[PDB]
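Chemist: let's see this in three dimensions:
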Amino acid sequence: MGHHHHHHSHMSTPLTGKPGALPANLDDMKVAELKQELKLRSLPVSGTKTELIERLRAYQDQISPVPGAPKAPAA
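Modeler: Residues are numbered from 1 along each chain as shown. Coordinates below:
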């Protein structure tokens, strides 16, 4: 005699609330903030303020060479 029973359920719908293009106020922020954005994206936090800013743009240019848009016909 044992606990013989079977039943399982689950559901999950794709929601909205989405990012996209990088912050255009990189120059307006602090060097530390740029180094923060870099480290989280596996980027080196070495160079000067302008270097870090343009390195963020260079990263974007690789992962998505567009002005901020989904690289596929979808949401």
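
Chemist: now for the longest helix along the chain, which elements pack on it?
Modeler: Secondary structure of the chain read by DSSP state H shows that its longest helix is helix 49-63. Here helix 49-63 touches helix 31-40, going by 3 or more C-beta pairs under 8 Å, 6 or more residues apart in numbering; DSSP states H and E. Using the backbone N, CA and C atoms, a C-beta is placed for each residue, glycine as well.

Chemist: tell me what the helix it packs on is packed against?
Modeler: Using 3+ C-beta pairs under 8 Å, 6+ apart: helix 31-40 touches helix 49-63.

Chemist: what about the helix it packs on, distance to the chain center?
Modeler: In terms of C-alpha atoms, centre = their mean, to the nearest Å, the centre of helix 49-63 is found 13 Å from the chain centre.

Chemist: what does that helix contact?
Modeler: 21-22, 26-27, 31, 34-35, 37-38, 41, 43-45, 47 (C-beta atoms under 8 Å, 6 or more residues apart in numbering).

Chemist: kindly recompute the last result at 10 Å.
Modeler: Residues outside helix 49-63 that contact it (C-beta atoms under 10 Å, 6 or more residues apart in numbering): 21-23, 26-27, 29-38, 41-48, 66-68, 71.

Chemist: stretch 38-47 too?
Modeler: With contact meaning C-beta under 10 Å, 6+ apart, stretch 38-47 is reached by 22, 31-32, 34-37, 51-56, 58-60, 63.

Chemist: quick one: residue 55 and residue 72, what's the gap?
Modeler: 26 Å (C-beta to C-beta, to the nearest Å).
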